[PDB]
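Heads up, the chain shows up twice below as structure tokens, two forms, tagged structure 1 and structure 2.
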Structure 1
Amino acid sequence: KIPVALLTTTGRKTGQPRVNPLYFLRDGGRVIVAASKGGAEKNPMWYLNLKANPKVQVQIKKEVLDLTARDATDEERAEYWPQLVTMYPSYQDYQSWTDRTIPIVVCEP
């Protein structure tokens, strides 16, 4: 239905690789994900991990991409958020129900 990307982050405490499935957009070499965690009030751990260890790896089907993750800028959110919402409308609910602003993470070559 919606394909997932596998995001590997380095544990910001343990240093161990952690892998999580996420929905994604691809734009010009970038992989974009949202740290929505089903509308939970706290950011997911993988987001905390990539804040401490920006080098991540993303696997989409066969491709294994070595990327550097960062938060979307305001202008990027305005471009990507509607695309994410179009793809998976629940994102908009999750954003409504959560106090924190749901991070949009841009992973770049």
Structure 2
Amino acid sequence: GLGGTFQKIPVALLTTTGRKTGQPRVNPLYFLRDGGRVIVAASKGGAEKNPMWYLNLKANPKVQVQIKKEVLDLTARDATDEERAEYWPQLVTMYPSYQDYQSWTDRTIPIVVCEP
């Protein structure tokens, strides 16, 4: 039950710009890569809705993603509903800690597409 992670769980470091500060903030997140896109997500919503990184990128879509030692400059947007339903099962399959197949239906769980 290692899913798709083998012996190393993949995590991306997302840098967003503070919506009040205009200074960078970094957050480790699970992700998928889909061609040139990087999809990032949180696994919890409800009390954890609207984390700072998400609010930052809603205000300013320019982000950086570091995966291993690769650094990408990307632009972020919400996954559309179709994309939520398409990518969430892939995240469930990849990561053993993502277990609820239907959590994509809860809009308080952010799912963000970062593209070039």
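Residues are numbered by position in structure 1's sequence, first residue being 1. Here the rigid core means the biggest group of C-alpha atoms that line up within 1.5 Å when the two forms are laid on top of each other.
message: With a threshold of 2 Å on the C-alpha, tell me if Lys61 counts as moved between structure 1 and structure 2 once the core is superposed.
response: Shift at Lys61: below 2 Å after core fit.
message: Once you overlay the rigid core, does the Cα of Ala35 travel 2 Å or further between structure 1 and structure 2?
response: Yes, the C-alpha moves 2 Å or more.
message: Quick check: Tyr23 between structure 1 and structure 2 - does its CA shift reach 2 Å or more after fitting the rigid core?
response: It does not reach a 2 Å shift.
Angstrom displacement of the CA atom of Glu76 between structure 1 and structure 2, core fixed: Superposing on the rigid core gives a C-alpha shift of 0.7 Å for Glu76.
message: Given the rigid core as reference frame, how large is the C-alpha shift of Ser96 between structure 1 and structure 2? Answer in angstrom.
response: So the C-alpha of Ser96 has moved 5.7 Å between structure 1 and structure 2.
message: Relative to the superposed core, report the C-alpha shift of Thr86 between structure 1 and structure 2 in angstrom.
response: On core superposition, this C-alpha lies 1.9 Å from its counterpart.
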